[PDB]
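Report on the following structure.
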Amino acid sequence: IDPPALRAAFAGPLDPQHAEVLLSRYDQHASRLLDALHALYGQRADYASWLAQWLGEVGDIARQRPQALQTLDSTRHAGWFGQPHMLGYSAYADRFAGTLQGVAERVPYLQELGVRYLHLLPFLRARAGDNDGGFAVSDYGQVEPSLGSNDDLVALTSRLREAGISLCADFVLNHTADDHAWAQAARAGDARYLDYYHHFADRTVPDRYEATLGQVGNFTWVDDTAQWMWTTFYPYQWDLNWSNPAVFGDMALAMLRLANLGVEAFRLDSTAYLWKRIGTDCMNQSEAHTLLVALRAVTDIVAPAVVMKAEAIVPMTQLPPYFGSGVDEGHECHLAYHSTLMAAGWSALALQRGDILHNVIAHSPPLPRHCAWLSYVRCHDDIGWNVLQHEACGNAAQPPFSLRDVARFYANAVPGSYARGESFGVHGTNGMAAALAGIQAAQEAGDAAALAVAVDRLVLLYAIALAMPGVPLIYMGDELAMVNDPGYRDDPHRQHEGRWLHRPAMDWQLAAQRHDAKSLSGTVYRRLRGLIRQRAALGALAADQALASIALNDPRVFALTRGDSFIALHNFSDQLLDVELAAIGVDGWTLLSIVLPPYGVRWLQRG
Ligand SMILES: OC[C@H]1O[C@H](O)[C@H](O)[C@@H](O)[C@@H]1O
């Protein structure tokens, strides 16, 4: 290639008053971007022409980045998202406040809770009719009309930015809705856009792939195109063909346009399936990581204030690659979801076994520089127990455990369970944190004692997430202990999707009740706030500080350490017990032997 010609193509559209800083970043990161793209598309005859054209488009979008954001790009330090004050919140814009303008007016609520990172679930234009809660995207560059306009998105991010909140948006880059403009153009016979997807005339090629592919069929017959379209998920979601550079180019531009609208974090959905190769399982392929490296390089150049987050619900042993492998470590995703920890938390609770958490943390891969975890208790999906398959087999320190038993416990399919979840290998579990922790059952039985204990269980699980390196993510309503919403059952087109059980509309009346320390919502809210408050004052919890676990011979306890000055002790049983200091080498001070009441948690500055 001809580097100067490529650099010139990029520099062209830039504003001479902002060319210097941008070009400086281009000079240090462009080579990595080019190596990645060459590895993926370099053999194409159209490569050089496509590249020169795309870089020009990239430069033009770079120029359009609002000054306030360009300033953010220049002042924000790497690793910012892993600082102690970072606290996350995940919610649907419509369920939270109806529309984007509604969300903006509720920012004070988010500020009071200490939120500094807001994940709004799919808010871009989605497929007409069924669209899987917005995950079948029809336009990556426009907000769903029922939620507002792009102007409202800009007004929202500006307002959030003022309150010190970073917006995370989903970027469903593996597939689009089958009514996306590219899909419609394909349906109309435009070969150019038909090639943006994986299409086949007969089952000839599809079968070869199927031979090695795994069930999530993987193809859906479409009459309008008269071909089998690759559809890893719902039949109305067509997998994009990332082997086509035009697809990479247009999706990178879409990402940047979203960043220019104020999006600071990207949840990269279904990245494991980005690359297709016959003979393989077409999952977690080397090329998929190369795509993410290329996308990361683009942000490093154009919008370095932004972070890339891997949405790959897999065992923590398959997560390191997302932070970049080998020479590219630190040059891919900044964040990854610690699903193993999440599932382990619930398993440990149900089984009253802290040794399961010791196992998870003791084996948690150390975070690469400027990388961190997203820790959570619940989310918009069912709890996927299968991620714990490996841990469930046990090891030298932790005896095996039954994921089937854990799932049955939470589905209240076994006698003495306090859980009120619903079953969705081992089937996942739907239900809200308060419903799974025993709060719902205690309220339905008017049992005041069982309720207080249930509150302890809920707080315990969040305390664990809050002590982790990265961003602890609260699922909307957990801070008020909201329970299940069975309303979808009595609904037209929703009774088929069991996950709505844990996708309630925000209860603002309940939200106002947080000012009442004697109420349930207020009690939960107050205890979570206390943990958030303490977390923010502990430099030892920053993402660049070590994470480890001290092995204890009492299986009911879990000791998590951060750096060399912080220790968090947890009692996962319903019994009062104690931890001998001479077992964790301590004698420090208590934050906000050691006796732990049932389901108790204690934070200590061992130094
Ligand atoms: O493919 C569709 C799926 O994509 C992601 O996994 C979303 O988290 C999930 O809610 C959705 O159903």
Side-chain angles (χ1 to χ4, degrees), residues 88-96 119-127 129-138 140 144 168-180 183 197-198 213-220 229-240 242 251 265-274 276 282-284 288 308-315 318-319 322 333 335-340 342-343 374 376-387 422 424 427-432 473 475-476 485 488 493-494 496-504:
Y89 196 83
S90 181
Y92 282 102
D94 64 310
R95 307 299 270 174
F96 185 62
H119 171 207
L120 285 182
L121 285 151
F123 55 84
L124 300 176
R125 199 182 288 275
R127 197 183 86 98
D130 302 316
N131 53 227
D132 187 22
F135 280 96
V137 191
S138 305
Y140 294 104
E144 179 72 68
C168 170
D170 286 280
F171 188 40
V172 190
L173 41 40
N174 181 67
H175 44 267
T176 80
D178 61 14
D179 69 339
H180 182 289
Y197 302 98
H198 290 95
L213 293 176
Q215 197 71 301
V216 180
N218 287 288
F219 299 90
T220 295
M229 314 300 286
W230 200 304
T231 57
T232 298
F233 302 84
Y234 292 107
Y236 49 80
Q237 290 169 305
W238 297 356
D239 290 49
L240 281 164
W242 288 84
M251 289 298 274
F266 291 98
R267 181 174 178 256
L268 304 173
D269 300 311
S270 311
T271 53
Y273 314 77
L274 298 185
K276 274 67 175 178
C282 294
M283 274 196 86
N284 301 301
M308 313 246 294
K309 182 163 65 306
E311 185 293 298
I313 311 306
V314 297
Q318 306 167 179
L319 286 185
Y322 284 96
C333 296
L335 299 147
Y337 286 71
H338 206 317
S339 300
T340 297
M342 180 280 302
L374 190 303
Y376 62 113
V377 176
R378 288 294 289 103
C379 63
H380 61 292
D381 289 322
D382 50 303
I383 294 174
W385 305 110
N386 292 152
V387 295
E422 279 171 35
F424 185 38
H427 294 184
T429 307
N430 291 324
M432 216 90 148
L473 203 62
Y475 186 43
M476 195 210 81
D485 176 19
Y488 76 101
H493 42 303
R494 276 207 311 169
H496 64 289
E497 179 48 70
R499 293 174 286 168
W500 290 115
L501 183 76
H502 54 253
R503 296 177 179 181

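Excluded from the calculations below are hydrogen atoms, water molecules and symmetry mates; all remaining heavy atoms, backbone and side chain alike, are included. Starting from 1, each residue takes its place in the sequence as its number. When a ligand or atom number is given, it counts from 1 through the structure's own listing order.
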Next on the checklist: Do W238 and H180 have side chains that approach each other closer than 4.5 Å (heavy atoms only, starting at C-beta)?
Outcome noted: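 No, side chains not in contact.
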inquiry  = Could you check whether any side-chain heavy atom of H175 comes within less than 4.5 Å of a side-chain heavy atom of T231, counting everything from C-beta outward?
reply    = no
Notebook entry, point to check: Have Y376 and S339 got a donor and an acceptor in their side chains that come within less than 3.5 Å?
Noted result: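 A donor-acceptor contact under 3.5 Å links the two side chains.
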* Look at the rings of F171 and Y140 and say which category their plane angle falls in: under 30° parallel, 30 to 60° tilted, over 60° perpendicular. =>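 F171 and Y140: perpendicular rings.
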Can you list every pair where an N/O of ligand 1 is under 3.5 Å from an N/O on the protein?
| unit_1 | atom_1 | unit_2 | atom_2 | d |
| --- | --- | --- | --- | --- |
| ligand 1 | 8 (O) | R267 | NH2 | 3.2 |
| ligand 1 | 8 (O) | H380 | NE2 | 2.9 |
| ligand 1 | 8 (O) | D381 | OD2 | 2.8 |
| ligand 1 | 10 (O) | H380 | NE2 | 3.3 |
| ligand 1 | 10 (O) | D381 | OD1 | 2.6 |
| ligand 1 | 10 (O) | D381 | OD2 | 3.2 |
| ligand 1 | 10 (O) | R499 | NH1 | 3.2 |
| ligand 1 | 12 (O) | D132 | OD1 | 3.4 |
| ligand 1 | 12 (O) | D132 | OD2 | 2.5 |
| ligand 1 | 12 (O) | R499 | NH1 | 2.9 |

Rounding to 0.5 Å, atoms CH2 (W230) and OH (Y197) come to a distance of 16.0 Å
Do the side chains of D179 and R125 get close enough for a salt bridge, i.e. N-O under 4.0 angstrom?
no
